[PDB]
Structure formats: C-alpha cells, structure tokens
Amino acid sequence: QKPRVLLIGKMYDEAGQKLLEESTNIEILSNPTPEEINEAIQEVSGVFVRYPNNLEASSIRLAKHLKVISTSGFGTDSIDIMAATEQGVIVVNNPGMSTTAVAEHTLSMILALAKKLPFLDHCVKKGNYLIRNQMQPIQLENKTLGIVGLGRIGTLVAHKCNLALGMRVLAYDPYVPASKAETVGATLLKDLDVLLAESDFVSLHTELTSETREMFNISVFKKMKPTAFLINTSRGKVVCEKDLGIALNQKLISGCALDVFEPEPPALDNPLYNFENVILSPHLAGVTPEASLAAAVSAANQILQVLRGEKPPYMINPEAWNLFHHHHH
Amino acid sequence: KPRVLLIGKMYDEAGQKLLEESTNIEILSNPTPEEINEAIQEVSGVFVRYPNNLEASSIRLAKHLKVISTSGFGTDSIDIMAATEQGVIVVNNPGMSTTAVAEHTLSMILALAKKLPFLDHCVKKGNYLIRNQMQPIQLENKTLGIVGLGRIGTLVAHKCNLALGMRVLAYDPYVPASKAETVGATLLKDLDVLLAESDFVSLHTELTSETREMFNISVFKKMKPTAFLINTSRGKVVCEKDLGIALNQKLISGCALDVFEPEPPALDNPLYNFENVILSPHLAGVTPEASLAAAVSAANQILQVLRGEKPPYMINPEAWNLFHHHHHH
Ligand SMILES: NC(=O)c1ccc[n+]([C@@H]2O[C@H](COP(=O)([O-])OP(=O)(O)OC[C@H]3O[C@@H](n4cnc5c(N)ncnc54)[C@H](O)[C@@H]3O)[C@@H](O)[C@H]2O)c1
Ligand SMILES: NC(=O)c1ccc[n+]([C@@H]2O[C@H](COP(=O)([O-])OP(=O)(O)OC[C@H]3O[C@@H](n4cnc5c(N)ncnc54)[C@H](O)[C@@H]3O)[C@@H](O)[C@H]2O)c1
C-alpha cells in the first residue's frame, strides 16, 4: 500500500503537496495540538513540519514506521533531532531557498527604521502631517551595519547594503574565513564587542545553537549605541525578548525590527507592541512566491528520496543513516 | 555692513552662521507680503525658504538688492523677470539631497513590496496569522519604471538594477538614451510601453506644464492592476482624485507618496482608507547631511555675489551685465 505522509501545517506552496500525492497519501493538520499529531502520526512514513509547529520526542516515538522528517526551511529548532536519530529517522532541512527574499526584507526593515516609515505613515493618516517639522530622517550612506552570522543571508545582506546604500559593513562570525567578508566589501571582526560599539544597525543572521541562544541580552544591549537599531530575521531565541523590552524602555538602543519571536507565535499582550521605533512582521522574510515554491519542491522531493532508500542532499543527522538502513533494508 | 533678509529660516544653522560672519541678518517666519515689504528695503541679499513667495512688487522696493537665493532647486515662487530688470542675481541650490531622496525611494519601493506597515499593524493587534493570507513580493527580476531620469532617477535606477536585480526602464524625453545605458536602464520613447511593463513606477520628473497632472486616470488604466506607484517628486504631477479612483477600482495595487496636491493633505483625504497606501510628510530630501549642504551652499552663493564673484548656480546669467553696471564699474 502507498506510504502515508503527515503535513503538520501546509507547505507554503502546494506544488510540494502535489508532488507528494504522486506516490503517497497525505493528511494535512492545521496548528494541531500534540494529541492530534499523536493520532495522525502512528502509521506515516514521512512527516513535514511547518515552522513554528513543534514535533516533540514523544510524538516521534509513537511513529513506528517513520523514515524521514522534513522541516519547512533551514531551522530545525522545532524538531527533536536526538529522538529521530535514536529511532533511525532521517531529518532533512531545506536551506538557502529564501536567501534573496530575506536579504530584501532585511534591507526593507533597515530602511524603514532609518526613515521612521510606519510611524510617519500613521502620523499623516491621522492628520498630523506637521510632525514633519520635528522629524530628522537618517541618511544611511556611510553609516555602519553590523552582521552577526555571515552565512548565506548575512553575506547577501552585507553585499546589498554596500551596493544599495554605501554602508560600511562589519561582521561577526567565528566559523567563516575573513576572505568571505572582503569579497562583498565587509570586514570580519574577531571581537563581537567591537562590532557592537561601532554599529548603527545590528542585523542577526546566525543559526540558532547553544552559543547563539539568548546571545542578545541586556548585557549586550548595554554595549550597543543608544542611537542604534537591532534587526532580527534569524530566530527568536537568539534575543532575550524581555531584555529587549527593558533595553528600549531604558533607551539602551533606539529601536528594533523583528520578523522572528520567542515564544513564536507571540502572545496577544506582548509589551513590545507599545514601543516607539518597533517594526514587526510575522515570520514572512523568507516567504515570497519564488522562495515558497523552491522550498516546497525541495522538501517534497527529499521526502520521496528517503521513502525510496536514496540518500538526500540535506541530511542534518547523517550519523543516523546506518540505523535507517537497519530498519529499511 | 550689508543686510540679508531670510524669508524663512535655513535648513541648517551652519548657513546662518556663515552669513552672520560678514553680514547682518534678519529672519522672518512665513511672512505676509507686507511683512517682507517693510523688511527688504535696505538689504543686499535675500534668502527664500521653499515654498515662500518673493513677488515682483517686493523686489521693486529693495533698492540695493544684489542676490536672491532659494533653499533648493525651485525658483518658481521668485519673480525672475523683475530681478533681471533690476540687475538682481537669482541663484538656486540644486542636487543637495539627491542621495537622501534616492534612499527614501528605495525604502518606499521595498516597504510596498513587503507590506511592511500593514504587517506591523497586524502583529501589534495579535493578528500574526495574517501570514497565512498573503505573501510579500520578491523584487528580484521585477521591472522598475523610472519616469524622469535626472539626479535622483539615475541613482534609483542604478541601485535597483545593481543591488536589487530589477530590470529598469525609463521615460524622459529630455535626456539621451546613453544616460540610461550607463546605469543599466533602457530609455523608451513611448510611456505607454513603460506603463504596461512595470511592476513599480517611480516618479522623478521636474514639475513643468507637461508633467502637471501627467499621472491621471488614463495613465492608471494602462498600468498593471498589480503595480505600485511611488511619488517623491512633486505632488501636482499626480491628480489625487484619479489616484483615489484608481485604487478603488483596483486599477493598481497601491502607492507610496511623499508629496501631495494640495499640500498639506486634508484631514478627510480618501487616500487614508486604503491598505496598500504608504505616506510620508514630504521628508524624502530631509537628512542632516542634505540640510547642511544646502544651507552652506546657499550662504556661500550669497557671499560670492556681495563680493562680485559669479556664483555657480545663476538662474538668470543674462542679468550679470546690468548687475555690473549697478554695483561695480
Ligand atoms: N523568514 C525568515 O525570517 C527565515 C528565512 C530563512 C532563514 N531563517 C533564518 O535565518 C537564519 C540564517 O539563515 P542562513 O541560511 O543564512 O544560515 P547559514 O547556515 O548559511 O549561516 C549561519 C551563520 O551563523 C553563523 N554562526 C553560527 N554560530 C555563530 C556564532 N556563535 N556567532 C556568530 N555567528 C555564528 C554560521 O557560521 C553561519 O555562517 C537561520 O536561523 C535561519 O533559520 C530566517
Ligand atoms: N520629496 C522631496 O523631499 C524633494 C527633494 C528634492 C527633489 N524633489 C523633487 O524630485 C524630483 C526629482 O529631483 P531631481 O534632482 O532628480 O531633478 P532633475 O532636474 O535632476 O531631473 C528632472 C528630470 O525630469 C525630467 N523630465 C522633464 N520633463 C519630463 C517629462 N515630460 N517626462 C519625463 N521626464 C521629464 C528631466 O528631463 C529631467 O531629466 C523633482 O521634482 C524635484 O523637485 C523632491
């Protein structure tokens, strides 16, 4: 009989679901509770996880025929990887499908803070056109951008802000060579503190690890300029959200723009919603039609590979492959 | 010691200091023609802050006038003929905020593509799941249509092509095609072609009799239903009544406006009740850098004419021989 696939959340483009349905039977859940996942996972061979939905260890353990878990994008913080590896279940992500889209969105957010764009749009529409008399937009030319995490997106962001705006770009990333920054005109710094002291804009593009977990706390905001801005499009847990709220109240920084949150989705009464110079979007930086199509096709094709016994291109737990063999033959 | 009247203050105080160092100055705030009239009779130079008016009857009262300086490019509110008839040199101060307006244009283009202020409002109201209902636009490989390829249009075209990966078309009857070539754009003779091909149309023309209300309903009918209009040039270039109708009939998707006709916009402007509309209160050229270069340049030209040296931005160089007759020889 045809294998079953569980979609914990739809894909961002249904070209991926169409591909899955060529050879599997799928069931789609919509923001399901842990029990709904436990009911629907028992006989599936493949699972797709739309961020920020979570797949805990207890759910993976009930799935006796599971072969592969696919995430919606790069991040895997909603998968229990240890549990999958213990069971011989292959975990794949879909990286670098939204690189252009997030760099565009980050540039848009950097520019919107500098020009107070949403605040000013709200002022004109309410009748306070004459707020212009006390407004002083920032000219981005020759200001300094600090990139934390110089990977696919961070490097593109450094490239664009150079070409588009004439900004000086500094980067902090211990795991990449200095030459990677020079190629796009940036300077790789060994000391994050230097980047924090020199930057007028600080943009986050790291992977979420135990080192980047809550990297940006009150200690780090104290080191940034009072005039400076934070932008986070990477992961919510990189920023202590409670510390960010204190930092804004105490004028440690001037504002921020966030596409990611912790917890995500954010609560209805999040105190960040009442702050001057705060710009939010609901994890849409990497969700353009182009990026959604590419990541959907990628996730669907990888799920099909593992069902066939074929090694996929984006295994994140390759040490689990032999135990997968053990169970798949 | 010579007098200088400032009909309106300068954009940066450094310019008033440069004048004060050799002249005696008086400053007026939005003065009536009569207020100017009994303040101008003994002065040698006059500065006009846009959009203040310097009428011919006022100039005729000023017996010792040598120079008039506007705050920016615009001299339309100055009676050039009366100045020439009297041997008064009129100077403007052009191209002082080119980079600032280019930046503001990039901000508005991007904010429209990413639905930035609308998404900000949605998260702040707890409507994070609006993400399931929409997708931002990826600028890469979209077509940008530049109307008016001058200082700002040339910069905007270059960055959107080089840094954003957009195809750029341009319409401007009064520059050669090679000017677009150089920055990766294509100058088209037929505006209709640019309208049909563009996903974003940005206006950067001078306000002339030809461009007054150039963008009416017959123009919006030719744009794409999915396209956006950006206007950071002059408000009279757009018939706002037709823009309102165009949004209501979904002839275009939305618009970003820094300028208005009438200006200031009224409290009951229909444009506010549209979601894909982004407004700013005529601030695109306002940056500390731009204000400082304009004020310094304005002061420096006034000081040259009082000394007898030709300033670099003479609007009416035909008045020079009579100026010589009056104050030198
Ligand atoms: N819509 C969205 O907001 C969404 C879209 C896709 C990417 N994501 C997120 O953006 C982030 C980056 O994406 P990417 O594709 O460029 O990943 P990437 O793997 O290409 O780059 C990550 C970079 O972080 C760096 N890094 C790791 N540890 C670090 C540390 N301790 N200090 C500084 N830098 C460190 C890595 O060396 C690496 O260069 C990811 O968290 C990803 O999940 C955002
Ligand atoms: N929003 C602001 O704060 C403010 C700031 C300065 C500039 N202004 C306005 O922005 C606009 C662009 O500034 P600029 O420095 O680039 O002016 P510019 O003189 O450098 O360029 C004007 C261009 O419009 C073109 N043009 C004239 N008639 C045209 C027509 N019928 N069709 C198409 N193009 C035509 C000219 O050939 C010229 O190339 C101006 O209207 C200017 O007054 C905005």
Count of residues meeting criterion [in contact (Cβ under 8 Å) with a residue 40 or more places away in the chain, within 11 Å of ligand 1 (Cβ to nearest atom) and not in a loop (DSSP other than H, G, I, E, B)] in the range A:147-189
7
So for the range A:66-76 (the condition being away from every other protein chain (no Cβ under 14 Å) and either more than 22 Å from the chain's Cα centre (by Cα) or within 16 Å of ligand 2 (Cβ to nearest atom) (or both)), does at least one residue qualify?
yes
Under 7 Å between Cβ atoms, which residue pairs at least 6 apart in sequence (or on different chains) link something in the range B:260-275 that is more than 8 Å from chain A (Cβ to nearest Cβ) with a partner that is assigned to a loop (DSSP other than H, G, I, E, B) and not β-branched (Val, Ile, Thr)?
B:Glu263/B:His282
Mind checking whether some residue in the range B:101-115 is over 26 Å from B:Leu195 (Cα atoms) and not assigned by TED's automatic domain parsing to the domain that holds B:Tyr11?
no
Regarding the range B:71-82, can at least one residue be identified that is surrounded by fewer than 24 Cβ atoms within 10 Å (Cβ to Cβ), in contact (Cβ under 8 Å) with a residue 40 or more places away in the chain and either assigned to a helix (DSSP H, G or I) or polar (S, T, N, Q) (or both)?
yes
Considering only residues that are within 19 Å of A:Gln305 (Cβ to Cβ) and more than 16 Å from ligand 1 (Cβ to nearest atom), which ones fall in the range A:26-50?
A:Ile26, A:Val44, A:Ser45, A:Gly46, A:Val47, A:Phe48
Picking from A:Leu120, A:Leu130, A:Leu111, the residue that is within 16 Å of ligand 2 (Cβ to nearest atom), more than 19 Å from B:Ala100 (Cβ to Cβ) and assigned to a helix (DSSP H, G or I) would be A:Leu130
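Answer yes if at least one residue in the range B:142-154 is more than 13 Å from ligand 2 (Cβ to nearest atom) and not β-branched (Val, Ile, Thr), and no otherwise.
Checked against the condition, which is being more than 13 Å from ligand 2 (Cβ to nearest atom) and not β-branched (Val, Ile, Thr), the range B:142-154 yields at least one hit.
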Just wondering, is there one or more residues in the range A:284-307 that are in the same structural domain as A:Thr71 (by TED's automatic domain parsing) and at positive phi?
no
On the basis of being among the polar types (S, T, N, Q) and either within 14 Å of chain A (Cβ to nearest Cβ) or within 11 Å of ligand 2 (Cβ to nearest atom) (or both), does B:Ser218 make the cut?
no
Considering residues that are more than 30 Å from A:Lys160 (Cβ to Cβ) and either within 14 Å of chain B (Cβ to nearest Cβ) or in contact (Cβ under 8 Å) with a residue 12 or more places away in the chain (or both), the number found within the range A:83-99 is 8
Does the range A:217-224 include one or more residues that are among the basic types (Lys, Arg), on the phi < 0 side of the Ramachandran plot and outside any helix (DSSP H, G or I)?
no
Quick check, is A:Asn53 buried (at least 20 other Cβ atoms within 10 Å of the Cβ) and within 16 Å of ligand 1 (Cβ to nearest atom)?
no
So is B:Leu271 of a type outside the set (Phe, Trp, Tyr) and in contact with a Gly (Cβ under 8 Å, 6 or more places away or on another chain) or not?
yes
Among B:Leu251, B:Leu257, the single one that is touching a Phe, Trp or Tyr at 6+ places or on another chain (Cβ under 6 Å) and either more than 16 Å from ligand 1 (Cβ to nearest atom) or not assigned by TED's automatic domain parsing to the domain that holds B:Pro51 (or both) is B:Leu251
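Given the criteria in a loop (DSSP other than H, G, I, E, B) and either more than 22 Å from B:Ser280 (Cα to Cα) or within 16 Å of ligand 1 (Cβ to nearest atom) (or both), does B:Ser209 qualify? Working first, answer last.
Values: in a loop (DSSP other than H, G, I, E, B): yes; either more than 22 Å from B:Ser280 (Cα to Cα) or within 16 Å of ligand 1 (Cβ to nearest atom) (or both): yes.
So B:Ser209 passes the test.
Residues of the range B:224-243 being touching a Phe, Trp or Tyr at 6+ places or on another chain (Cβ under 9 Å) and more than 14 Å from every other protein chain (Cβ to nearest Cβ), which ones?
B:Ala227, B:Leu229, B:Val237, B:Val238, B:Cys239, B:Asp242, B:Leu243 - these are the residues of the range B:224-243 that are touching a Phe, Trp or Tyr at 6+ places or on another chain (Cβ under 9 Å) and more than 14 Å from every other protein chain (Cβ to nearest Cβ).
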The residue that is farthest from the chain's Cα centre (by Cα), considering only those in the range B:228-257 that are assigned to a loop (DSSP other than H, G, I, E, B) and under 24 Å from B:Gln138 (Cα atoms), is B:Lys250
Taking the options B:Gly254, B:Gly308, name whichever one is more than 9 Å from chain A (Cβ to nearest Cβ), within 23 Å of A:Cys123 (Cβ to Cβ), among the small types (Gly, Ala, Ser) and surrounded by fewer than 22 Cβ atoms within 10 Å (Cβ to Cβ).
B:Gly254
What number of residues within the range B:221-233 satisfy the criterion of being in contact with a strand residue (DSSP E or B) (Cβ under 8 Å, 6 or more places away or on another chain) and either surrounded by fewer than 22 Cβ atoms within 10 Å (Cβ to Cβ) or closer than 16 Å to B:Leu247 by Cα (or both)?
6
Mind checking which pairs have a first residue in the range B:221-241 that is touching a residue at least 24 places away in the same chain (Cβ under 8 Å) and a second that is away from ligand 2 (no atom under 16 Å from the Cβ) and among the acidic types (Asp, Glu), Cβ under 6 Å, 6 or more apart or different chains?
B:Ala227/B:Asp199
So which residues in the range A:85-105 are assigned to a helix (DSSP H, G or I) and of a type in the set (S, T, N, Q), if there are any at all?
A:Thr85, A:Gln87, A:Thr99, A:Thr100
Identify all residues within the range A:281-329 that are of a type in the set (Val, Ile, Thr), out of contact with any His (no Cβ under 9 Å at 6 or more places or on another chain) and in a helix (DSSP H, G or I); write none if there are none.
A:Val297, A:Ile303
Hey, can you tell me all the residues within the range A:100-109 that are in contact (Cβ under 8 Å) with a residue 60 or more places away in the chain and either surrounded by fewer than 24 Cβ atoms within 10 Å (Cβ to Cβ) or more than 7 Å from chain B (Cβ to nearest Cβ) (or both)?
A:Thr100, A:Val102, A:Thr106, A:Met109
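What is reported rests on the model, the rules as stated and the sources as named; none is laboratory data. Cβ coordinates were reconstructed from backbone atoms using ideal geometry, including for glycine residues, and neighbour counts include every protein chain displayed.
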